[PDB]
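First comes the structure, then the notes that go with it.
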Amino acid sequence: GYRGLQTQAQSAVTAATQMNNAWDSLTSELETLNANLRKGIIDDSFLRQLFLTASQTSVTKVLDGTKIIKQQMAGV
Amino acid sequence: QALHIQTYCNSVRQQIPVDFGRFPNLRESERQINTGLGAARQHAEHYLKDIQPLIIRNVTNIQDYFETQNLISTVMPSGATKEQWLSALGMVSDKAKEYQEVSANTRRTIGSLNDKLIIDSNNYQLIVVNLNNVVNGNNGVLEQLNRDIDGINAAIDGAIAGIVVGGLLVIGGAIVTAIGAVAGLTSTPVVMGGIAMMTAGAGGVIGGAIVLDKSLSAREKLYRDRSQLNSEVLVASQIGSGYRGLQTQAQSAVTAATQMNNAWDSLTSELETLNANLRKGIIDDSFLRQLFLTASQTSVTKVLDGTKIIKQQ
Amino acid sequence: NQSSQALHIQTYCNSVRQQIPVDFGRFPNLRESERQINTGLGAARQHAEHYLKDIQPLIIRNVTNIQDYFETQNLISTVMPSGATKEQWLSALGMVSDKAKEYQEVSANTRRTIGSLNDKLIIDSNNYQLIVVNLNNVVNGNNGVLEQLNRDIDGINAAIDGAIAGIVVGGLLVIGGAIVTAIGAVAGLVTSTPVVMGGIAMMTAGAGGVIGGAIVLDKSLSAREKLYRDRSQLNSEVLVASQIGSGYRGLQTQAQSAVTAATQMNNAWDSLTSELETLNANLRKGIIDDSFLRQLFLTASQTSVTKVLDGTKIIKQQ
Amino acid sequence: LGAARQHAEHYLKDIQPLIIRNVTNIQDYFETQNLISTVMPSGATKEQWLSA
Amino acid sequence: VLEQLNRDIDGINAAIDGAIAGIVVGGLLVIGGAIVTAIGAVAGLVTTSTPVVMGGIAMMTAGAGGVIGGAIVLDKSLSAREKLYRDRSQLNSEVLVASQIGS
Amino acid sequence: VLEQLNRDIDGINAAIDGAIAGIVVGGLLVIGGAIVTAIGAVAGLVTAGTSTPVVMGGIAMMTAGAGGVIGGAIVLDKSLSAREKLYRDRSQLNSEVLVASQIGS
């Protein structure tokens with residue numbers, strides 16, 4: 001049982017490390033957009049349609065995944 | 001989740017106290033079981049009389065609060081001062097903080113319930129193992145008894161044989177003695193042999209009866225012990241099945257409780273996000289204020305969902 | 001009730017992660033089995049982490065980009081659309097053609113990823129099966145030994161009873177000898193020396209039998225004990241093997257299903273890649289076409305576009 | 001066993017893929033075949049139909 | 001190889017039974033020897049019963065020797081039979097696997 | 001066929017045990033013979049005359065023990081070698097039947 005608990009923690013460590021890399025990537029991606037913006041490389045016209053298209057897809061798909069995980073813990 | 005625990009609670013209440021007083025080896029088992037059952041009962045009464053009701057209250061208050069919390073005026077509603085909007089937001093922020101604290105309180109209650117159930121299930125399992133061991137030992141004894149009972153019937157038949165052989169010897173001796181007597185006219189040796197056969201027949205019948213009465217009387221003691229052990233094992237297997245069923249009920253209730261803990265934890269986090277979204281909007285002047293206020297409006301939907309979710313749990 | 005291909009693999013992945021390493025340290029015959037199992041389990045874990053942390057996410061990304069692309073380019077304008085130069089239409093088509101080419105290359109890339117995943121899963125399932133067979137062999141050998149033990153244990157109880165018999169017979173002989181000796185002695189105090197001798201002899205023999213039997217019994221149970229210990233040890237080892245074996249068997253099934261799920265995903269991407277190539281071919285032949293033959297290839301490409309949009313929805317479901 | 005594995009990988013990675021391509025090509029072909037009269041209006045030439 | 005294994009496996013359990021036999025026969029021989037030795041000894045105190053005592057002591061000695069020798073063989077044998085059986089099963093599995101890949 | 005084989009295999013183990021018995025009985029006879037011979041020899045080194053018959057009986061017991069051990073070994077090697085042929089046929093028939101039951105299904 002203790003051995004199994006040790007494995008559960010080892011896996012949770014990997015899961016957490018993964019989450020750390022994900023946030024780190026998002027932080028870096030934001031910095032790149034900021035740098036792209038500041039230099040005049042993009043426009044607040046085009047970057048709006050970019051985030052709006054992601055919201056139409058990816059962002060909505062993540063928001064759903066969040067509500068789903070919230071239920072999976074509750075059993076609701 | 002709640003109904004599943006509510007059912008398991010009333011069910012445990014119906015768990016009757018046992019006296020294995022007839023079984024000397026189950027003395028510790030009975031007391032241990034009785035104590036554990038008593039403790040579980042205490043856990044249930046608390047859960048029923050306080051916990052579930054208190055949880056319902058906090059959720060209801062939260063439900064009413066979010067109900068009032070209309071669509072968020074990220075900019076400021078029509079014909080109001082900036083101070084008026086700030087005051088209303090500050091009031092809402094304060095109320096949310098209180099609600100957040102209440103949510104944390106409910107979680108703690110759930111945590112205690114979880115621990116109580118966990119302890120109950122564990123104690124149940126311990127009783128089951130203790131019982132399983134008793135019947136798994138008692139069934140070694142049972143085999144040695146059946147083997148001894150088989151060995152005892154042999155002596156029982158050996159006595160039955162001696163008793164019959166004696167009866168025949170006497171019967172034959174009488175016929176011989178009578179013949180030998182009529183042939184005396186001498187025929188004294190025939191009469192002697194007939195009397196001897198009669199005498200020996202009586203001796204064998206007497207000796208066998210003594211052995212038989214004693215042999216069945218050893219056999220009786222062994223059979224009594226076998227039956228007593230069989231009954232004790234059955235009783236253990238009876239209470240054992242019941243405890244096993246109770247252990248499952250608790251294991252399920254643990255999952256139900258853990259689920260409720262995660263639900264409250266989510267609501268608490270969602271409130272903290274709305275609070276953070278709110279706070280940063282009060283110390284923001286123009287566009288960044290409307291940004292945090294819109295995010296808080298999304299917070300508000302996330303909390304309203306968490307409410308409906310907890311209500312279902 | 002049925003799961004999507006990805007969820008089936010996602011479940012199998014997290015499940016393999018939970019696979020604990022075992023030590024058959026007590027079992028001398030399972031030494032190689034344990035190490036082999038441990039190694040294979042370790043490798044499978046590596047396959048899962050990759051699948052979970054990289055593969056499934058990368059696949060999702062490529063599909064999403066494809067979904068967004070086809071969304072923008074929903075239907076091919078076979079005819080010269082309203083108020084445009086022929087060059088303007090040609091440029092737009094050429095741009096679409098170039099984008100499709102890039103998307104085709106991306107599709108081939110995803111397929112390669114799937115291929116690697118397939119191989120990784122295949123290797124995992126194979127190693128699992130190998131452990132199962134290795135285990136099955138151990139319990140199927142160990143159960144020959146178990147029978148010889150039960151047969152020997154049966155043969156041992158006979159000597160155990162034979163000693164018990166000698167001990168009792170000795171006790172009776174001594175008891176009877178004492179009664180006879182006492183009788184013979186009282187008859188010698190009237191004028192019966194042979195009776196006393198026979199009584200003393202019966203007593204002597206009774207003691208000898210009780211002593212000899214005790215020596216044999218203590219030794220016989222002590223041979224019986226060694227045999228029983230081995231029997232129990234083998235029984236436990238076999239049970240342990242049958243325990244881990246059931247688990248490995250379940251893991252093997254999980255991998256076999258994941259293999260089917262992966263193969264399905266490979267076929268899906270292959271279809272999307274082919275559908276893109278057809279649209280590209282339909283496009284290319286329309287740029288180097290006169291009036292009517294151009295609209296013909298452009299309409300076929302519009303049908304291509306629907307076939308790709310379907311392939312997208314299909315992959316999304318996988 | 002190694003050689004047999006090679007045979008399978010080829011069958012799976014290349015045969016199965018080529019078979020899949022065939023269906024797509026067929027799909028594209030029949031797509032155009034319908035598109036023939038779909039484009040060719042009322043009063044197209046016999047030569048125009050023959051060329052297509 | 002499989003035939004040499006089955007022949008060796010037969011020779012392994014054979015010695016195992018041969019020890020089991022000697023241990024039982026040994027226990028009886030000793031038991032009988034003790035009864036005989038005791039009889040022979042009481043007849044030597046009672047006038048020319050030395051040969052009976054010798055035969056009884058010999059039976060006892062042989063009985064003990066068989067019980068001891070069997071125990072030594074058994075303790076040594078038990079580890080060896082398991083190894084042979086394991087190899088037999090492994091070979092059986094390997095042959096099946098080979099027959100499987102062919103099919 | 002399979003039943004006649006199991007019945008014959010049962011009949012074969014009896015001779016196999018009968019050889020195992022002769023081998024052990026021989027080992028004991030030799031062991032006892034050695035103890036007797038040694039006793040008879042030490043009694044001949046005080047009363048040369050009259051402890052020669054004991055030594056003879058001890059040597060005879062040893063000789064007979066060896067004879068039984070040798071005879072049994074010959075029988076055993078042959079008996080298992082008849083048993084082995086029967087077992088091989090049984091396994092072959094079992095496999096054939098299984099294969100038939102496989103294709104049959």
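Each chain in the structure tokens gets a letter, A, B, ..., in the order shown, and its residues are numbered from 1; ligands are numbered from 1 in order too.
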
Would you kindly return, as a VMD selection string, each protein, DNA or RNA residue with an atom no farther than 10 Å from any atom of range 234-244 of chain B, considering only C-alpha atoms and excluding same-chain residues fewer than 3 positions away? chain B and resid 12 15 to 16 18 20 23 26 29 to 30 33 37 121 123 to 135 228 to 231 247 to 250

Go ahead and dump the residues you just picked, N, CA and C atoms, as an mmCIF file, in the first residue's frame.
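To be explicit, this is the file written out as result.cif:
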data_model
loop_
_atom_site.group_PDB
_atom_site.id
_atom_site.type_symbol
_atom_site.label_atom_id
_atom_site.label_comp_id
_atom_site.auth_asym_id
_atom_site.auth_seq_id
_atom_site.Cartn_x
_atom_site.Cartn_y
_atom_site.Cartn_z
ATOM 1 N N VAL B 12 -26.668 1.761 9.269
ATOM 2 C CA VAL B 12 -25.679 1.529 10.365
ATOM 3 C C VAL B 12 -26.400 1.622 11.714
ATOM 4 N N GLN B 15 -27.855 -1.539 12.711
ATOM 5 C CA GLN B 15 -26.835 -2.556 13.086
ATOM 6 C C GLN B 15 -27.005 -2.882 14.572
ATOM 7 N N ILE B 16 -27.471 -4.096 14.879
ATOM 8 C CA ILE B 16 -27.832 -4.539 16.258
ATOM 9 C C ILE B 16 -26.576 -5.013 16.975
ATOM 10 N N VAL B 18 -24.384 -7.558 19.198
ATOM 11 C CA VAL B 18 -24.354 -9.045 19.302
ATOM 12 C C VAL B 18 -23.684 -9.410 20.628
ATOM 13 N N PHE B 20 -21.670 -12.814 21.636
ATOM 14 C CA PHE B 20 -21.068 -14.139 21.347
ATOM 15 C C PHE B 20 -20.755 -14.839 22.672
ATOM 16 N N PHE B 23 -19.715 -18.370 22.755
ATOM 17 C CA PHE B 23 -18.397 -18.604 22.101
ATOM 18 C C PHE B 23 -17.279 -17.961 22.922
ATOM 19 N N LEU B 26 -14.545 -15.726 20.880
ATOM 20 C CA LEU B 26 -15.080 -14.495 20.222
ATOM 21 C C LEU B 26 -15.376 -13.401 21.257
ATOM 22 N N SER B 29 -13.664 -10.174 20.189
ATOM 23 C CA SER B 29 -14.327 -9.836 18.903
ATOM 24 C C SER B 29 -15.630 -9.071 19.168
ATOM 25 N N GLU B 30 -16.497 -9.625 20.024
ATOM 26 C CA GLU B 30 -17.839 -9.075 20.359
ATOM 27 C C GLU B 30 -17.689 -7.663 20.936
ATOM 28 N N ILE B 33 -16.293 -5.222 18.330
ATOM 29 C CA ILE B 33 -17.417 -4.968 17.380
ATOM 30 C C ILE B 33 -18.388 -3.968 18.019
ATOM 31 N N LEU B 37 -19.170 -0.243 16.645
ATOM 32 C CA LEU B 37 -20.588 0.018 16.280
ATOM 33 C C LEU B 37 -21.077 1.267 17.018
ATOM 34 N N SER B 121 -15.285 2.502 8.526
ATOM 35 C CA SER B 121 -14.976 1.490 7.480
ATOM 36 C C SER B 121 -13.766 0.632 7.899
ATOM 37 N N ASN B 123 -12.438 0.153 11.046
ATOM 38 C CA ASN B 123 -12.842 -0.645 12.237
ATOM 39 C C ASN B 123 -13.651 -1.855 11.770
ATOM 40 N N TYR B 124 -14.597 -1.640 10.844
ATOM 41 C CA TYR B 124 -15.452 -2.692 10.238
ATOM 42 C C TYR B 124 -14.561 -3.784 9.623
ATOM 43 N N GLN B 125 -13.635 -3.367 8.754
ATOM 44 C CA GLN B 125 -12.665 -4.258 8.065
ATOM 45 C C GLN B 125 -11.898 -5.086 9.107
ATOM 46 N N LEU B 126 -11.411 -4.432 10.164
ATOM 47 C CA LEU B 126 -10.632 -5.047 11.275
ATOM 48 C C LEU B 126 -11.458 -6.160 11.918
ATOM 49 N N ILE B 127 -12.737 -5.892 12.195
ATOM 50 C CA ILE B 127 -13.699 -6.876 12.774
ATOM 51 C C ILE B 127 -13.828 -8.059 11.809
ATOM 52 N N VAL B 128 -14.012 -7.774 10.513
ATOM 53 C CA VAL B 128 -14.197 -8.787 9.430
ATOM 54 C C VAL B 128 -12.999 -9.746 9.424
ATOM 55 N N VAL B 129 -11.785 -9.195 9.377
ATOM 56 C CA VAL B 129 -10.501 -9.956 9.363
ATOM 57 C C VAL B 129 -10.419 -10.823 10.624
ATOM 58 N N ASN B 130 -10.662 -10.213 11.793
ATOM 59 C CA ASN B 130 -10.662 -10.886 13.118
ATOM 60 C C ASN B 130 -11.616 -12.086 13.069
ATOM 61 N N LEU B 131 -12.804 -11.889 12.489
ATOM 62 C CA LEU B 131 -13.861 -12.925 12.335
ATOM 63 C C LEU B 131 -13.393 -14.002 11.350
ATOM 64 N N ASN B 132 -12.947 -13.590 10.161
ATOM 65 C CA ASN B 132 -12.449 -14.487 9.080
ATOM 66 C C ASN B 132 -11.405 -15.445 9.664
ATOM 67 N N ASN B 133 -10.473 -14.910 10.466
ATOM 68 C CA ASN B 133 -9.385 -15.673 11.138
ATOM 69 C C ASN B 133 -9.987 -16.755 12.054
ATOM 70 N N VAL B 134 -11.036 -16.404 12.805
ATOM 71 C CA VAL B 134 -11.708 -17.288 13.807
ATOM 72 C C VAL B 134 -12.299 -18.519 13.099
ATOM 73 N N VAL B 135 -13.019 -18.303 11.995
ATOM 74 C CA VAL B 135 -13.723 -19.362 11.210
ATOM 75 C C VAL B 135 -12.699 -20.172 10.409
ATOM 76 N N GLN B 228 -20.930 -27.271 18.405
ATOM 77 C CA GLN B 228 -20.672 -25.960 19.062
ATOM 78 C C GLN B 228 -19.772 -25.101 18.162
ATOM 79 N N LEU B 229 -18.673 -25.686 17.665
ATOM 80 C CA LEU B 229 -17.690 -25.018 16.766
ATOM 81 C C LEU B 229 -18.375 -24.625 15.452
ATOM 82 N N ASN B 230 -19.177 -25.533 14.884
ATOM 83 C CA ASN B 230 -19.945 -25.330 13.624
ATOM 84 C C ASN B 230 -20.859 -24.116 13.785
ATOM 85 N N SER B 231 -21.616 -24.058 14.885
ATOM 86 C CA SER B 231 -22.555 -22.958 15.236
ATOM 87 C C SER B 231 -21.785 -21.639 15.364
ATOM 88 N N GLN B 247 -19.029 -2.174 5.610
ATOM 89 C CA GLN B 247 -17.694 -1.706 5.135
ATOM 90 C C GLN B 247 -17.824 -1.126 3.728
ATOM 91 N N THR B 248 -18.553 -1.814 2.843
ATOM 92 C CA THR B 248 -18.843 -1.379 1.450
ATOM 93 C C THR B 248 -19.632 -0.065 1.487
ATOM 94 N N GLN B 249 -20.684 -0.005 2.319
ATOM 95 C CA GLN B 249 -21.565 1.184 2.494
ATOM 96 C C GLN B 249 -20.718 2.409 2.866
ATOM 97 N N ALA B 250 -19.751 2.224 3.773
ATOM 98 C CA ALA B 250 -18.819 3.267 4.267
ATOM 99 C C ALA B 250 -17.852 3.676 3.150
#

Could you please select, counting only C-alpha atoms, the residues of chain C within 12 Å of chain A and state them as an MDAnalysis selection string? chainID C and resid 13:23 45:46 48:50 52:54 57 60:61 63:65 67:69 71:72 316

Find the residues in chain E near chain D: any atom within 12 Å counts, using only C-alpha atoms. Write them as an mmCIF file with C-alpha atoms, in the first residue's frame.
data_model
loop_
_atom_site.group_PDB
_atom_site.id
_atom_site.type_symbol
_atom_site.label_atom_id
_atom_site.label_comp_id
_atom_site.auth_asym_id
_atom_site.auth_seq_id
_atom_site.Cartn_x
_atom_site.Cartn_y
_atom_site.Cartn_z
ATOM 1 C CA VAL E 97 5.090 -20.158 -29.010
ATOM 2 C CA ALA E 98 7.169 -21.520 -31.977
ATOM 3 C CA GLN E 100 2.037 -20.320 -32.792
ATOM 4 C CA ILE E 101 4.321 -18.005 -34.920
ATOM 5 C CA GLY E 102 4.426 -20.758 -37.644
#

Write out as a PyMOL selection string all residues of chain D that backbone DSSP assigns to helix (DSSP H, G or I). chain D and resi 2-39+46-51

Would you kindly return, as an NGL selection string, each protein, DNA or RNA residue with an atom no farther than 8 Å from any atom of range 7-24 of chain E, considering only C-alpha atoms and excluding same-chain residues fewer than 2 positions away? (:C and (148 or 152 or 155-156 or 158-159 or 220)) or (:E and (3-5 or 26-28 or 63 or 66-71 or 73-74 or 77-78 or 80-81 or 84-85)) or (:F and (20-21 or 23-25 or 80 or 84))

Please write the residues from the selection above to a file, keeping C-alpha atoms, as an mmCIF file, in the first residue's frame.
data_model
loop_
_atom_site.group_PDB
_atom_site.id
_atom_site.type_symbol
_atom_site.label_atom_id
_atom_site.label_comp_id
_atom_site.auth_asym_id
_atom_site.auth_seq_id
_atom_site.Cartn_x
_atom_site.Cartn_y
_atom_site.Cartn_z
ATOM 1 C CA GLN C 148 4.242 -34.676 -5.576
ATOM 2 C CA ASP C 152 4.425 -37.333 -0.135
ATOM 3 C CA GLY C 155 2.778 -41.118 2.518
ATOM 4 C CA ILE C 156 4.140 -39.304 5.673
ATOM 5 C CA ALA C 158 1.102 -43.395 7.461
ATOM 6 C CA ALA C 159 4.490 -43.482 9.328
ATOM 7 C CA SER C 220 8.680 -38.253 11.200
ATOM 8 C CA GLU E 3 12.694 -37.115 -23.459
ATOM 9 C CA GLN E 4 15.986 -36.795 -21.411
ATOM 10 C CA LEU E 5 14.039 -34.278 -19.172
ATOM 11 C CA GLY E 26 12.907 -47.612 8.865
ATOM 12 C CA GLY E 27 10.300 -46.585 11.502
ATOM 13 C CA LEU E 28 8.760 -50.114 11.483
ATOM 14 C CA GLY E 63 15.836 -48.663 10.825
ATOM 15 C CA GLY E 66 17.256 -45.677 6.621
ATOM 16 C CA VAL E 67 15.348 -42.840 8.427
ATOM 17 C CA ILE E 68 18.590 -40.707 8.555
ATOM 18 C CA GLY E 69 19.717 -41.488 4.938
ATOM 19 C CA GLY E 70 16.195 -40.771 3.553
ATOM 20 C CA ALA E 71 16.019 -37.387 5.408
ATOM 21 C CA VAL E 73 18.347 -37.391 0.365
ATOM 22 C CA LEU E 74 14.863 -35.736 0.788
ATOM 23 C CA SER E 77 16.169 -33.756 -3.531
ATOM 24 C CA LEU E 78 13.288 -31.229 -2.918
ATOM 25 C CA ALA E 80 16.193 -30.318 -7.625
ATOM 26 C CA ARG E 81 12.690 -31.603 -8.687
ATOM 27 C CA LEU E 84 13.528 -29.806 -13.594
ATOM 28 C CA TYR E 85 9.706 -29.122 -13.646
ATOM 29 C CA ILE F 20 11.874 -48.775 -5.260
ATOM 30 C CA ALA F 21 10.939 -51.157 -2.335
ATOM 31 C CA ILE F 23 16.245 -51.078 -3.670
ATOM 32 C CA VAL F 24 15.513 -49.716 -0.107
ATOM 33 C CA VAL F 25 15.151 -53.260 1.451
ATOM 34 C CA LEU F 80 10.351 -46.402 -16.114
ATOM 35 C CA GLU F 84 8.046 -43.483 -20.494
#
